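Take a look at the structure tokens below, where one protein chain is shown in two forms, each on its own, as structure 1 and structure 2.
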Structure 1
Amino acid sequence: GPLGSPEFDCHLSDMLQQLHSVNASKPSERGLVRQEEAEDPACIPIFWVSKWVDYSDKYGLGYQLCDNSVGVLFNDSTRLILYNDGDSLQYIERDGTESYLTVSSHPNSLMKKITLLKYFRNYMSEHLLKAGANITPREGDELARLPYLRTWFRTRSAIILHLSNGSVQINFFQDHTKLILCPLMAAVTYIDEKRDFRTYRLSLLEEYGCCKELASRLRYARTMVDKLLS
């Protein structure tokens, strides 16, 4: 009978394909690298993770998005997000099912999770610096679908954050450099040690090249995306 439109989510696959292509072009091995030619400021992301707390020993991973909304991915594989109005909540279970509630009007079974989210929110506000504070996100964030944290992991050197909109963010611990990868735009935003930022179209990095600093981080990114797909 009728089919409808089953979700065949290709975003991670597309990201791998894009990274494989850019890396195979050996972008830092050029007679003259012309990195600026690959800039595309219009591809600036709408959302990224601005703060995070790994309390997975007890509760889960709490995070803030750049629009000031907060979320928690709990240890039971459920998600709770509080919008930037500070009142409205979205609850996402293990199967991806979404429901809506508020801090004052909610199912009793979610009381603990709401209390914990508030603890995460307050902790991040009191203690943590907002990443990309100098970045104005792409216009229309209120009109876009607010993403949640699908997957995350930490390596020795980085945290890898996979958002439901297909974006993958990699924050490097030692030097505070960060990558925001979007497979829809086929773009990467690089935040350097000085907090200066640039957005590049990956296909243009293939054509024009880039510095060793970015090229090496894109090789690492490919490895991380492979891990997400594994």
Structure 2
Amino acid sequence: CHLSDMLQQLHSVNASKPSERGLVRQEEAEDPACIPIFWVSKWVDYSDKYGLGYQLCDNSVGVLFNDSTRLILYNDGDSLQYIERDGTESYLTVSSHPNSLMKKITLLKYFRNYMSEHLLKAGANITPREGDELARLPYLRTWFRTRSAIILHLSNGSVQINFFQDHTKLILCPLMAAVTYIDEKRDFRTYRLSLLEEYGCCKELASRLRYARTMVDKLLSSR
């Protein structure tokens, strides 16, 4: 799931000690063409009873249920993707009345209602990169929480890490070999990892990339 490539990319950037450079030129590592197609804009952990609900930046919503099934509702509020335990996938609509999914659809709508009522949309002011017209939406593969962060792994290979204390977030893509950093002031910047290696970066980003490698190691080992 591209995790191995992610780990190697992070190992390489971190080994270069990017914050120990004197004349840091972080802006030279920016590549707005590498902005992600998707990131997680909201989430709610109700895994003690139902599962983990989330919103993607395109306003689609999803749930990773406790039975290890996944349901996605598109931003049109009708189109569905349903992914079974084995990875089997169906493309359906709510309006067609899929009898056997109506319960799970209802649960997803309750997740959707809670998120709309209560939660802020991360990166709301940023236009995501356009994907291929015939590309399916990714699902949440896995997630875990530490004392300091939530780690979210999408089926397109992206790894997202949200830090609780200061609301800073990383979105890592192994296909672009890029990192998006959303800072304490909500500033959204996308960098090529190889260019961070060459040009350097601030202590704040470097520290978070070190933590990211530890998290990616955990994702890799828990497979």
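Structure 1's sequence is the ruler for residue numbers, which start at 1. If you superpose the two forms and keep the largest set of C-alpha atoms that fall within 1.5 Å, you have the rigid core.
*Asks:* Of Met124, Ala144, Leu116, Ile159, only one moves its C-alpha by 2 angstroms or more between structures 1 and 2 once the rigid core is aligned, so tell me which.
*Replies:* C-alpha shift of at least 2 Å: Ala144.
*Asks:* Could you tell me whether the Cα atom of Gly86 shifts by at least 2 Å between structures 1 and 2 after core superposition?
*Replies:* No.
*Asks:* At a 2 Å cut-off on C-alpha positions, does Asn75 qualify as shifted between structures 1 and 2 after fitting the rigid core?
*Replies:* No, the C-alpha position differs by under 2 Å between structures 1 and 2.
*Asks:* Once both forms sit on the same rigid core, is the C-alpha displacement of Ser105 at or above 2 Å between structures 1 and 2?
*Replies:* It does shift by 2 Å or more.
*Asks:* So, with the core fitted, how far does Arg34 move at its Cα between structures 1 and 2, in angstrom?
*Replies:* Rounded to one decimal, the shift is 1.0 Å.
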